[PDB]
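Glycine gets a Cβ as well: all are built from the backbone with ideal geometry, and neighbour counts include every protein chain shown. A short reminder: the numbers here are calculations on the coordinates, not readings from a lab.
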Amino acid sequence: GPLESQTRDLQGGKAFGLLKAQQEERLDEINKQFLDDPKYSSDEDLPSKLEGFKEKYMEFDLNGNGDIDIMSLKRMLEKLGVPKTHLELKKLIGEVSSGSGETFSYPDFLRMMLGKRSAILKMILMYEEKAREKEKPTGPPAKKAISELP
């Protein structure tokens, strides 16, 4: 749709608008846990793509769970000018999420890339293989609570 101009909306509160900020810790946790997993602790390109994906994952909106739907993912392509059909996005994400279909998670995307390939989105992700080397200490908000469904 119409997304070309960068509207600089600025958040500033405590938690809601700070999703993009707070999630970095989580992203670094997830990279590190896969990086230091004995299976993946072998490839030099391995930590690189972890950070590359980390860089790119946060380029999306990142919902309340740090998740990305077929909507937020397509927000990227429409902003960048590259058009695709929703059926394609849903196919790609439905590959990663397997049963969900419309929303994927950061570790699942890594399961798919680090496994071998299943979702074509790996191709576009690793096409622009830009990385960094950042680190942020594992700060996990446990928040273990019993959420009973009415």
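Points worth noting:
- FRET E, pair residue 33, residue 8, Förster distance 35 Å, beta-carbon r, rounded to 0.05: 0.55
- Spatial separation of Cα centroids for segment 119-140 and segment 16-72, in angstrom: 6
- Neighbours of residue 131 by Cβ distance under 12 Å: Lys/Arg scored +1, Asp/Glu scored -1, total -1.
- The number of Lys pairs in segment 1-115 with C-alpha atoms less than 14 Å apart, excluding pairs fewer than 8 positions apart on the same chain, is 8.
- Counting 0.36 nm for each residue step from residue 148 to residue 78 and taking away their Cα separation leaves a gain of 21.3 nm.
- Taking label positions 7 Å along the Cα-Cβ direction at both residue 42 and residue 132, the computed distance is 3.0 nm, reported to one decimal.
- Residue order, fewest to most beta carbons within 10 Å, for 121, 87, 110: 87, 121, 110
- Two-site label geometry, residue 22 and residue 118: point separation in nm, points 7 Å out along Cα→Cβ: 2.9
- Over every Cα atom in the chain, the radius of gyration and the widest Cα-Cα span, Dmax, amount to 16.1, 48 Å.
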